[PDB]
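Protein chains in written order, with the deposited numbering: chain M, 5 to 160; chain K, 108 to 161; chain G, 2 to 272; chain A, 384 to 509; chain D, 162 to 312; chain E, 162 to 322.
Below is one structure, written out as structure tokens, with a few remarks after it.
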Amino acid sequence: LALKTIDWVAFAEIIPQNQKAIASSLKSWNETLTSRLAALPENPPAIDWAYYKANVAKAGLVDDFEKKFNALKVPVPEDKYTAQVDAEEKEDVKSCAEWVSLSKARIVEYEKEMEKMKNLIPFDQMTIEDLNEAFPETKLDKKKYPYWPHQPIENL
Amino acid sequence: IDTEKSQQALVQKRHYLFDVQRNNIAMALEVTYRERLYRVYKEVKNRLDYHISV
Amino acid sequence: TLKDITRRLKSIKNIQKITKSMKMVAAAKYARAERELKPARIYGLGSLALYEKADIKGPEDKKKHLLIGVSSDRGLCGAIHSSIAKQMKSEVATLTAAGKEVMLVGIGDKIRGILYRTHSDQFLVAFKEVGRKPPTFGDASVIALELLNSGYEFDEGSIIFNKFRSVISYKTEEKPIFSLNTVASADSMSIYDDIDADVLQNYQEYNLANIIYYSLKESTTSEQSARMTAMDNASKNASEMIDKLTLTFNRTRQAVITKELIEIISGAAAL
Amino acid sequence: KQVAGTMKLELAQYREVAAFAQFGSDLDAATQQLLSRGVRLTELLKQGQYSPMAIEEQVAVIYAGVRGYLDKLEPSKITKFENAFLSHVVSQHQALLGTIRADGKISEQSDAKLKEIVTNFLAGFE
Amino acid sequence: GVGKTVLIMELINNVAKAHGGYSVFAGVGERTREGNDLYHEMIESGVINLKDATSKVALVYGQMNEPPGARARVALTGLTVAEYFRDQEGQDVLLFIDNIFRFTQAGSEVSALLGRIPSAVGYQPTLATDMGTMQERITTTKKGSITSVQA
Amino acid sequence: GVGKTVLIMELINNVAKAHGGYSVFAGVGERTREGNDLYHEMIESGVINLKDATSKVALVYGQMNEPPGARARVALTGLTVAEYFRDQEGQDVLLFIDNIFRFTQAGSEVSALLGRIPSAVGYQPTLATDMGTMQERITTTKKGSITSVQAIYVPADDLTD
Ligand SMILES: [Mg+2]
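Written as structure tokens, this is what we have:
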């Protein structure tokens, strides 16, 4: 018996909206499956023989029944389902690994940018060029308005 | 920054999906297996009681 | 009979709880009827404050007259539609005594049904759907539209509603409604500025709509309160009837028990 | 006793006004909540046949029903809830029920645990 | 109004075709006009054949113009006729009783004639000397089953 | 749930302290469970004292599970105890009768057993006379008095019964 304990809202956090229902169904299955496990013990109580050895007057019926029972081996079925989900998990691991690496690149970039913005010239010594560098938005559109004051008079 | 940091832990948690599937696999397996064990136990008990009854 | 007594008692119990429910609903509407009055009361009185200050008196020498009466489409109010009916009848009588050509307009199915029979010729337009929903200025604007687009130039008019006084008290009141020529020719209107027939006409129409709205917002509160009180009285009446029926039921129950006992003992004592 | 006192009180307050249903939309909001909670409780009172609940599960469900947790759930689902929730509570909180049965009271510790479980399941419940 | 004798005749025919069971119709204290109408409708609906032996019902009629003793025991008569089918041929028989109301009022007349039990007692479906022992013979024996339809 | 038995015990205590007269409690047709509950409540509140000679009330019980003769005569038994306290001691006695409608019912049953024709409703033909010969002993004399407190049950909430 190898069962992996699980959160459940964490599960809900990682379901893409395209396939919620099936996942939810999956979820449902789990719970009822768990109940169905608690609905019966591990092994059935083996039928004794003496009670039938001394009460079943039929010749050999109890005997050959018990023997063919001992000679019976129930087919314990094999999954053939875990390997594929393992491989799918592996692929998903690769994908999320590359994703998180690229995102960490983006994070260190944001960090460097904020750091640049941190080391700033005290404003009373900054030229309009330094301001335009520190905020490319403040730069005037020398293309749409190539003439003074290079901006709509309204917002002036 | 932190939003990306949030996205980091989230994808980090993604592994729950697979093991839950695994959980249902091993569960349903033992279910059908044990169900078979009680099917065979019930059916032989039925014939046994039938003869001792009649 | 015990069974028919139970039947009638169940009937009266049914209508008793019905009136209880209706009374509580009417009180729930009296809530939001008294609230939306105060702003609307201020608004309507602010409208009228001009006529009040300039002290216009209307002409007593002209005949064409309009009588608007505000009511609802719902009954069970009590003395609401009856009061409006009586006031409108009395004033139609008094005015037509002076030969004044009087026309009628009724806001509400009830007042129109009450006044239509005895007064059908003296009638221009009525209105329905008033009473279910708390009245709003859109309604008053529609009414003013319909009144102006009627081919009837009233030289004077008056609206009659139920000025809500308290949860138990209401007074049937009657506000006057002047026409363009009245305010124009009023000498006391000479002190008002940038005034000409066009501006006075527009202002007249807007004040007509304003006063109709004000009357509506007053009458709805008055009617909710009256319905509350009337349903309370009906519940108490049905309760008294239930007590009478319970007395009669106990009497009949005793009689039935005694009769069956007599049957038993007389069928047994014959042996 | 702890849960049934308030249950009976609220049910009396519901019955003393239940005649005013079918026009609740036109009534005071507090009494409207009274009516809604009353309907919630009555549907919490229905029960299938040959299924006698244990006492601790009884107090658990009545608790989840009386503290307003179902005020936001419409009535036609309560029974569904009452089933699923109960299963949850007996599946992954057996120790809590064991303690409540060993004491017979909702201690503030077990009270907080009940807060936790009912909140979490309501959040998880459809 | 609604067609009900058609429903009774169809229940008879269907239990006789699907299963190998017959039916017994008791007319305990009932209008002779209705009884004749039903007898005819059954004849002309195939349930009864006056020229064969393939009829699917046995009739027991006690009309209203008979003493209370008649209209009280005419229920047990049909009950016995169906009891034979049940406990002799194992069938699932369909016993119709036109009214238990007629049975109980005819019986109350019986009890008032003897002058022992007052007329306020009526009949008790739980007393053995009353409808009790009749409503108990209509059960699911482990040899068959009578089932009673009471119009 | 309205504190009836507390009012009974307080009346007993007050009459014993102020007027110096004891009390009698006739339990006509009482549930035995309620009889025992009341007994123990009286033991706690000091009305009854199982250890000394300072008890205030004397109890007389005819329970719900007795033949109708006993349930009809228990009220007279309690009344006789109280009559002794009034006459031979010269006191102001209290006589609690709970219930009195069960006294009437016991009378009706005793009548129906003796084969007497029932009156109106179903009570005995001697209803008023039974109640009269009972109640006319509870009165004031030139020696003392007897003040009766009777719990009234109204059948089918009908006072014209
Ligand atoms: Mg019948």
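For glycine and all other residues, C-beta sits at the position ideal for the given N, C-alpha and C.
According to DSSP, simplified to helix, strand and coil, what is residue i?
i              : result
residue 2(M)   : Nothing about residue 2(M) can be read from this structure; chain M reaches only from 5 to 160.
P177(G)        : strand
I438(A)        : helix
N163(G)        : strand
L168(D)        : helix
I69(G)         : strand
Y153(G)        : coil
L105(G)        : strand
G158(G)        : strand
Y193(G)        : coil
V449(A)        : helix
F128(G)        : strand
residue 135(E) : In the structure as shown, chain E starts at 162 and stops at 322, and residue 135(E) therefore has no counterpart that could be examined.
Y171(G)        : strand
residue 122(E) : Residue 122(E) lies beyond the range of chain E shown here (162 to 322); nothing can be said about it.
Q155(M)        : coil
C78(G)         : coil
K455(A)        : coil
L117(K)        : helix
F139(M)        : coil
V89(M)         : helix
List the residues of chain M that residue i touches, going by C-beta distances under 8 Å, in chain order.
i       : result
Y123(K) : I10, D11, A14, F15 and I18
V161(K) : Those do not exist, as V161(K) stays about 10 Å from chain M at its closest Cβ, beyond 8 Å.
Who pairs with residue i in a beta bridge, going by DSSP?
i       : result
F257(D) : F186(D) and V310(D)
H471(A) : Per DSSP, none; premise fails for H471(A).
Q224(E) : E191(E)
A219(E) : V185(E)
Chain G partners of residue i, CB-CB under 7 Å?
i       : result
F464(A) : Near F464(A) there are no residues of chain G at all, since even the closest Cβ is about 30 Å away, more than 7 Å.
Contact defined as beta carbons within less than 8 Å: I believe residue i pairs with residue j. What is the distance between those atoms, to the nearest angstrom?
i              : j       : result
residue 359(D) : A312(D) : The structure shown has nothing for residue 359(D), since chain D only spans 162 to 312.
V126(G)        : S73(G)  : Rounded, the Cβ-Cβ distance is 17 Å, inconsistent with contact.
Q385(A)        : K496(A) : Wrong, their Cβ atoms sit about 15 Å apart, outside the cutoff.
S269(E)        : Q285(E) : 5 Å
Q88(G)         : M104(G) : Going by Cβ atoms, the distance from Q88(G) to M104(G) rounds to 16 Å, so no, they are not a contact pair.
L394(A)        : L424(A) : 6 Å
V221(D)        : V242(D) : 6 Å
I108(G)        : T173(G) : Actually they do not touch by this definition, with Cβ atoms about 14 Å apart.
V473(A)        : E440(A) : 7 Å
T20(G)         : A235(G) : 4 Å
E92(G)         : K65(G)  : At roughly 15 Å, the Cβ-Cβ gap does not stay under 8 Å, so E92(G) and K65(G) are not in contact.
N163(G)        : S223(G) : 4 Å
Along chain G, which residues have their Cβ under 8 Å away from the Cβ of residue i?
i       : result
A402(A) : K18, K21 and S22
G276(D) : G268, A271 and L272
Residues of chain E with CB under 9 Å from residue i, in chain order?
i       : result
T259(G) : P279, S280, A281, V282 and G283
Applying a beta-carbon distance threshold of less than 9 Å, which residues of chain M neighbour residue i?
i              : result
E111(K)        : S107, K108, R110, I111 and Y114
residue 162(K) : Outside the shown range of chain K (108 to 161) lies residue 162(K), about which nothing can therefore be said.
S474(A)        : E35, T38, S39 and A42
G507(A)        : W12, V13 and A16
In chain A, what lies closer than 8 Å to residue i by C-beta?
i       : result
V168(G) : Correct list: empty, because the minimum Cβ distance to chain A is about 16 Å.
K30(G)  : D409
Could you list which residues in chain K have their beta carbon closer than 8 Å to that of residue i, in chain order?
i      : result
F69(M) : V151, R154 and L155
List, in chain order, every chain E residue whose beta-carbon is nearer than 7 Å to that of residue i.
i       : result
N251(G) : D319 and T321
Determine the chain D residues that contact residue i at a beta-carbon separation under 8 Å, and present them in chain order.
i       : result
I160(G) : Within 8 Å Cβ-Cβ: nothing; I160(G) doesn't reach chain D, min ~60 Å.
Please list, in chain order, the chain D residues whose beta carbon lies closer than 7 Å to that of residue i.
i       : result
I263(G) : Correct list: empty, because the minimum Cβ distance to chain D is about 11 Å.
Using a Cβ-Cβ cutoff of 7 Å, what residues of the stretch 5-24 of chain M are near chain K? List them in chain order. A6, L7, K8, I10, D11, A14, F15, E17 and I18
To be precise: take each residue of the stretch 97-127 of chain M, compare its Cβ to all Cβ atoms of chain K, and keep it if any distance is under 8 Å. Which residues remain? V97, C100, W103, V104, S107, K108, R110, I111, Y114, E115 and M118
Mind checking the stretch 251-268 of chain E against chain G and listing, in chain order, the residues whose C-beta falls within less than 9 Å of any C-beta there? none
Closer than 9 Å, Cβ to Cβ, to anything on chain G: give me those residues from the stretch 405-427 of chain A, in chain order. Taking 9 Å as the Cβ-Cβ cut-off against chain G, the residues of the stretch 405-427 of chain A that qualify are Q405, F406, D409, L410, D411 and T414.
Taking a Cβ distance cut-off of 7 Å, strictly less, list which residues of the stretch 51-62 of chain M are near chain K, in chain order. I51, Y56, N59, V60 and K62
If the cut-off is 8 Å on Cβ atoms, which residues from the stretch 209-234 of chain G count as contacting chain A, listed in chain order? none
Could you please tell me which residues of the stretch 89-114 of chain G, in chain order, have their CB closer than 9 Å to any CB of chain A? none
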